[PDB]
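> quick one, what's the 3D model for this:
(chains A, B, C, D, E, F, G, H and I, ligands or ions: 8)
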Amino acid sequence: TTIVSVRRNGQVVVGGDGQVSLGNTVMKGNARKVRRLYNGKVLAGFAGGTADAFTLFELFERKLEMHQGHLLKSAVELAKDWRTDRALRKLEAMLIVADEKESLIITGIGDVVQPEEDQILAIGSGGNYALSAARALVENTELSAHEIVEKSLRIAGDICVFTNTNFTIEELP
Amino acid sequence: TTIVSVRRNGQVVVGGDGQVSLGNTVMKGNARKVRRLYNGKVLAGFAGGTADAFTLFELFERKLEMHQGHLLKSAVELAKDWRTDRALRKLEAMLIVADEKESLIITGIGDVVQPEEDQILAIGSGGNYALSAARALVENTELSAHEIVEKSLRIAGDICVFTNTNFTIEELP
Amino acid sequence: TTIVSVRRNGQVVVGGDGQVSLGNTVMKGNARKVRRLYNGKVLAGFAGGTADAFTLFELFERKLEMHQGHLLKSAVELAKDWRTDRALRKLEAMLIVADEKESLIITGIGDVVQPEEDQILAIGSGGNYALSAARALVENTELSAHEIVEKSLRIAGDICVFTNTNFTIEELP
Amino acid sequence: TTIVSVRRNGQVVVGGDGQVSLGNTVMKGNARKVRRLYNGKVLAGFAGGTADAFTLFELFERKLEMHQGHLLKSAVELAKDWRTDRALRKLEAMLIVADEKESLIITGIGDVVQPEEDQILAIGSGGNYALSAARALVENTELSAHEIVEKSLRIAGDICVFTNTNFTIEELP
Amino acid sequence: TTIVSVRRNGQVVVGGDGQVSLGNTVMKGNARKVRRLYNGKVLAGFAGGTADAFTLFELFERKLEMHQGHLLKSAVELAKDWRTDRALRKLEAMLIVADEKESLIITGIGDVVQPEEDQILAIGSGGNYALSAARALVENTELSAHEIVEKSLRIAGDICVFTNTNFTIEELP
Amino acid sequence: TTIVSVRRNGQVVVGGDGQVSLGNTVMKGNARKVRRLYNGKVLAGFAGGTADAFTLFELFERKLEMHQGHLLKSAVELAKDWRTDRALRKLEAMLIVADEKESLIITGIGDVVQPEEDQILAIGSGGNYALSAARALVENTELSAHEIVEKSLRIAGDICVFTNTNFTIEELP
Amino acid sequence: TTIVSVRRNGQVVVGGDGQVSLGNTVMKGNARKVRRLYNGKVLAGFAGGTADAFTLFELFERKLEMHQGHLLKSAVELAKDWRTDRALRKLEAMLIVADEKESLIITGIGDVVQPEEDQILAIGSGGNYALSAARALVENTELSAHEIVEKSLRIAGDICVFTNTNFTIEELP
Amino acid sequence: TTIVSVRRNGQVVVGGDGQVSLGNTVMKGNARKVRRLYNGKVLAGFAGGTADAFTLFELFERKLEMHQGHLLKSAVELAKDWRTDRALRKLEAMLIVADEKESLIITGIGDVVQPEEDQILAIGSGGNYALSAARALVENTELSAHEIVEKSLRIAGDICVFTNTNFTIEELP
Amino acid sequence: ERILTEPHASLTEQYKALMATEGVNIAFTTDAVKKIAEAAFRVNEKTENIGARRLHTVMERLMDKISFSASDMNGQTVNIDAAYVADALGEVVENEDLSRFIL
Ligand SMILES: [Mg+2]
Ligand SMILES: [Mg+2]
Ligand SMILES: [Mg+2]
Ligand SMILES: [Mg+2]
Ligand SMILES: [Mg+2]
Ligand SMILES: [Mg+2]
Ligand SMILES: [Mg+2]
Ligand SMILES: [Mg+2]
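Numbering: from 1, shown residues only, chains lettered A, B, ... in the order given. Ligands and ions are numbered 1, 2, ... in the order given. The structure is reproduced below:
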């Protein structure tokens, strides 16, 4: 599982592999680890039991309105219960949420991670690899936020033995 | 324990071994790991304490009506509580549910697994083996959804030292 | 993560690195592990899930008023629930709180730590190192409470492979 | 890694993937795991640890050169070296070797084993998978030997995360 | 594996299953675990690790050839080699050997042991099972020796997941 | 540590960080991990344990001096020493060596491995990171070889806590 | 134990605590951990296990006597003995040695390492502490070398529970 | 076991309990753990494992006979044997030896250590206890040496479950 | 090239004097010598460098043919030029695949 979120020149893209795996065997490869939410306004990928995701991206929907759309808030508030609630600590995963202005990574254990002066996010076992490729690209090439994620995932999958080729990207809007 | 669900040319078949085992000894071999439900409309096999199964295939019956028969839903909703409820996380098993349109595998830990352009499902320790045989067969041979599962299980059992010969198949309708 | 609090000649300073890390990889380096609270009257850094921090520096705000600003109290009272509450023991971290008069380190496991005749505090994996540098400095040099912390963190980061350069200091007032 | 071999109608095929996996990452996708021996008249395919597999292979090679290439013999000889009295290094790997005469797998612990009857052999982490596949095919399809192998490996790779798609199929006219 | 031997009315039977189990999978169902020695006048059956069992067997074979086949002697001799002073490899396996004279099992750690009185011996993971069976039968049925063995193994196989049904019963006229 | 090498347009670059990490602390930030051999015509870079890396390097050095510097050969020779019969110390480290002819990494367990095609090699804890970076760059930018390397290492260091910024890039005119 | 050495203005100081800790108790507080070698012209300080530290020291002593006391050389020689081919005992300890020429620490695993530039070296459990202290001081105070050392050790002892106050500072006119 | 020795006013006393503890049970309460050497002019007391303690003692005995009984020397010699090059058995035990000249404890790992100044030495599981006692007494009571020892052991035995009351106090006129 | 002709009793000087026994007259051509030499240096580099003894190889691997049939050539003279040399020394022998050990 490798998820990566790029942001360059007006475009906010998030996309990743689709390889569910049990130990050292493949269980599904067509999966979607990137989904849209909040009336197709906020797109976000995951890395864990896809269910754990929904039960989270659902607690995010609600916990987003209350604070009036302000993304970061909805998040900071989310990691505030993910650790205090004894029915969430059991939902280990990683999360990436992004919209028009910024982008953010949510954590079940630690706490929210705001991007660098490069605006790039990555999670999953194959993460950093993807990140390693992306960063580079958005530093020398003039590629598309969607021409980078693209290539970046390729670079991941071809290394992490848990990340593959069938990725699903989601530009905006 | 090996469960496999095939789908080819109008037929939806599910069948598997029948070897309950305690550590490295046999405790029962005539068991039924595939059962019919919802007024004989939905058939489904398991892989775990058969009880854990019923207490699950019972929570599926109800959680299926609410969403109006739509199989996938009843499932996605099921794995939604299997992880949030502290009285279900203690029910470790694997599950396969299928009906007229599609077929699906349920997970206690991860999350629902939708088949490939081949429509094949498999769980249990001997799973993949069965899967390995099936897939092949439904790719070259013109065998029956019931002539495949058949042979597939044979191929499993003869390898997994926990899967045997007394399988119980369930075509539809 | 390295946090250090110095107190010398009318100034109460607290500042530390900004390297969030997952195992042996870097996840963020621009982070702020030192924050101001109670109407900018009390500044305090942390060392753990930044969230765990807020959910703590929030339980400190309230638990501070009740006892009428008296810092030490608000603290001693804080570590009194951090261990009796089954929803706090799950918030492992380290904390440093300081204001006009004194400075104090809070613990999730042990209990409050009052400084020495030197008025210096330190936590985080890189702590002692920072401490090791500070102490020395505030014993021979006539450096600023802010010219010490400064150099002290540098000395830490360059040793702890979890502490870096992007520190955020907070003098008073 | 996956290495399977099928023998039917004067044809002997031994082929395998090409993935070298270091921990959970990929060293190189292209790797020749099946090769030719004795002037190119006996087929070989090694599994396990790169180091110990190669050192196993080489040792089998010396024997051949020393026994007019008579396979079976050569094997039992090598096996003997582990059964003597001074426990040799005990290489952790496995080899599948065959020629115009017979097929045979050899562990590096000290034994030579023969195929059931379906003349199907398969070692590696993906073996059993490719096995099942072939064990099936063979029983239900007049597919060539150089054909079953080709499809069985693939079936595996799509299952074993340590088994890729860059195969190498050495047959023996 | 299961290897049991019964001796009654001038008859000595030593037979066992034929399953080679690699981890929790099956290498080969047909395997001769009982064989003939000394021109074919002394029966043998090995248990444990394929490698170490075979290397145990062979060592017992040299002794016989060196002691006019006199079983008992041959055994104590071999045993001696482990009791000398330089701890030999210490093979992890077990052998059940017998002929017209007596029955005897030999561990690869250094000892020779004799049957209670019912002249019943059984090693392997299924042993005790087959034992119980025979230990019973014998005490309550004039069933032949070449008969008790046949049924006892089977009783085992239907219990031990590492013991199959493809037996091999070598008796001694 | 991170050691990566890229080869393009008659240029061969092998460079790496300079951090020596003792446990979770830093021994020395400046360290030459890439050096010159054979009168200075073949490049080397070692990874792993200071002790075993150096002792690996030295052994590769003797071989060269003994084989007219012919790299490839020299390697296979050294490798052979581990495959002989008496298992050598088995150094836990890795070397990336190259010259005007080819690139090649050598483990201290006994093998020599070659690059995919992108002529990109990278060992160390940060390797894969620098790899991804370069594996990218190369595929999308006419950046020099002595350039890709420089940027890839850096990308790594900003990720691997055991990889610093004091590089050393030895190229080969 | 803590052993640190600083070198500035023709002065070389190597001093350390004196505590011998058996498990969590104290063997003896007074212990000379820094001593003189080669007629008393080269300074030494050992860390780690009493046994292996002493046996490391002695071995470094033979080398000196054998190489006109030329430090650096002597070191690399000793180091070589671990890199030869027959892995020596591999003493678990560390030595900090220096004289009028240079400073140098030597592990008992097989390597010689040099100081950054601040000519500061420190081994032992308290090392890094004393390090930080000195690494600081030096950068901000014209304190002597025989002075920094004295204060740095102390700073450590007040931190490391295995480092006491009975120092021994051997300088080199 | 507890073995303590005190030296004051021309008197040297070395005495200890007599309990041999096998696991958590008692082998024999009466055991002479302190004995006489060199025609009966040097005192000895061993601790640790019966086997390795005795084999340590004996080795110290050979040395004496070989060095005109000159204690100190004899010790350093023995110690040397562990520091040579071929790591000896490494006995897990400890000895407290003394005579008219000095006191000295010797570990079986390779070192000789001297008393603080209070001339108090104590090894064994109860040592530190008896130590504390004597370390006290001595500092506050003109109690004889053959007296402090007697009381210190007892204080221990009433604390260490592996230290009984059947003492043996060998003094040296 | 130099060792090949210059010294006293150089390789060429020798084979020449020998064939002269069967009643044959051989003549080495500069261009040939040059090649013989390039040859030696080659293999020494490409395989196992044995110094100058290597000339004793390339030399004998070349003079094989004449050395044998030279008895039945009395009267003739032989000219060893490039085209000759180039044809007595194959090009490169054995697949020499050192890859079977690499991954
Ligand atoms: Mg992959
Ligand atoms: Mg089975
Ligand atoms: Mg750092
Ligand atoms: Mg795969
Ligand atoms: Mg069975
Ligand atoms: Mg770093
Ligand atoms: Mg201390
Ligand atoms: Mg007691």
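> only C-alpha atoms for contact and neighbour calcs from this point on.
OK.
> wasn't residue A:4 part of a strand?
Yes - counting by DSSP: H, G, I helix; E, B strand; the rest coil, residue A:4 is found in a strand.
> any idea how far the closest residue to it other than its chain neighbours is from residue H:130?
Excluding the flanking residues, the one nearest residue A:4 by C-alpha to C-alpha, 6 or more residues apart in numbering or on different chains is residue A:122, at 4.4 Å. Look at residue A:122 and residue H:130: by C-alpha to C-alpha, to the nearest Å, they are 61 Å apart.
> and the residue nearest to residue A:4, which helix or strand is it part of?
Using DSSP states H and E, residue A:122 falls within strand A:120-124.
> what element comes up after that strand heading to the C-terminus?
Tracing the chain C-terminally past strand A:120-124 and defining elements by DSSP H and E, one meets helix A:127-140 next.
> which residues does the residue positioned nearest the centre of chain A contact?
The centroid of chain A falls nearest to residue A:96 when counting by C-alpha atoms, centre = their mean (3.2 Å). Counting by C-alpha atoms under 8 Å, 6 or more residues apart in numbering or on different chains, residue A:96 touches A:3, A:5, A:44-46, A:103-106, A:121-123.
> any idea what it is bridged to?
Beta-bridge pairing for residue A:96 (DSSP bridges): residue A:45, residue A:105.
> smallest gap between chain I and chain F, at which residue?
residue I:103 (4.7 Å; C-alpha to the nearest C-alpha).
> then the helix ranked longest in chain A to PDB, C-alphas only?
Longest helix in chain A by number of residues (criterion: DSSP state H): helix A:50-65. C-alpha atoms of helix A:50-65 as PDB (Å, rounded to 0.1, in the frame of the first residue of the first chain):
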ATOM      1  CA  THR A  50     -10.500   0.000   3.900                       C
ATOM      2  CA  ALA A  51     -13.400  -0.300   6.400                       C
ATOM      3  CA  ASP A  52     -11.300   1.300   9.100                       C
ATOM      4  CA  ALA A  53     -11.000   4.000   6.500                       C
ATOM      5  CA  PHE A  54     -14.700   4.600   6.000                       C
ATOM      6  CA  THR A  55     -15.500   4.500   9.700                       C
ATOM      7  CA  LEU A  56     -12.800   7.200   9.800                       C
ATOM      8  CA  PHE A  57     -13.700   9.200   6.700                       C
ATOM      9  CA  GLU A  58     -17.200   9.200   8.100                       C
ATOM     10  CA  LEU A  59     -16.100  10.500  11.400                       C
ATOM     11  CA  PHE A  60     -14.200  13.100   9.400                       C
ATOM     12  CA  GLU A  61     -17.200  14.200   7.300                       C
ATOM     13  CA  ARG A  62     -19.100  15.200  10.500                       C
ATOM     14  CA  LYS A  63     -16.100  16.500  12.300                       C
ATOM     15  CA  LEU A  64     -15.400  18.700   9.300                       C
ATOM     16  CA  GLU A  65     -18.800  20.600   9.100                       C
END
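> is any part of it close to chain C?
No - Helix A:50-65 stays clear of chain C (C-alpha under 8 Å from any C-alpha of the partner chain), getting no nearer than 15.7 Å.
> chain center to that helix, what's the gap?
13 Å (C-alpha atoms, centre = their mean, to the nearest Å).
> and the next helix or strand past that helix?
Downstream of helix A:50-65, the next assigned helix or strand under DSSP H and E is helix A:71-81.
> what about the residue of chain A found nearest chain G, is that helix, strand or coil?
For chain A, the residue closest to chain G is residue A:110, as judged by C-alpha to the nearest C-alpha, at 28.1 Å. Following three-state DSSP, the label given to residue A:110 is coil.
> who in chain I is up against chain C?
Residues of chain I lying near chain C (C-alpha under 8 Å from any C-alpha): none found.
> from chain I, which residue is nearest to chain C?
residue I:103 (29.6 Å).
> chain A too?
residue A:110 (4.3 Å).
> any idea how far that residue lies from ligand 6?
To ligand 6, residue A:110 is 20 Å away according to C-alpha to the ion, to the nearest Å.
> surely that residue and residue C:28 touch.
No - look at residue A:110 against residue C:28 with C-alpha atoms under 8 Å: they stay out of range, at 11.5 Å.
> so which bits of the longest helix of chain A are buried?
Under the neighbour-count criterion of 16 or more other C-alpha atoms under 10 Å in any protein chain shown, helix A:50-65 has A:50-57, A:60-61, A:63-64 buried.
> ok, and which of the residues you listed reach chain B?
A:50-52, A:55.
> and the residue of chain A closest to chain G, how far is that from residue F:91?
From residue A:110 to residue F:91 the distance is 37 Å (C-alpha to C-alpha).
> and the longest helix seen in chain I, how far out from the chain's middle?
Looking across chain I with DSSP H, the single longest helix is helix I:30-46. Helix I:30-46 sits 8 Å away from the centroid of its parent chain (C-alpha atoms, centre = their mean).
> show me which positions of whatever helix or strand comes next after it end up buried.
Moving toward the C-terminus from helix I:30-46, the next helix or strand (DSSP H and E) is helix I:55-69. Neighbour-count burial for helix I:55-69, counted by 16+ other C-alpha under 10 Å, picks out I:55, I:58-59, I:62, I:66.
> helices or strands up against helix I:55-69?
Judged by 3 or more C-alpha pairs under 8 Å, 6 or more residues apart in numbering or on different chains; DSSP states H and E, helix I:55-69 is in contact with helix I:11-22, helix I:30-46, helix I:82-88.
> okay, the angle between that helix and helix I:11-22?
Counting by axes from the mean of the first three to the mean of the last three C-alpha atoms, to 10 degrees, helix I:55-69 lies at 10 degrees to helix I:11-22.
> name the residues of the following helix or strand past helix I:55-69 that come out as buried.
Where DSSP H and E defines the elements, the next helix or strand beyond helix I:55-69 is strand I:77-80. The neighbour-count check on strand I:77-80 (16+ other C-alpha under 10 Å) flags residue I:80 as buried.
> each with direction, which strands does strand I:77-80 pair with?
Checking strand I:77-80 against DSSP bridges gives partners strand I:25-28 (parallel).
> what does the strand it pairs with contact?
The contact list for strand I:25-28 (C-alpha under 8 Å, 6+ apart) reads I:12, I:16, I:19-20, I:75-81.
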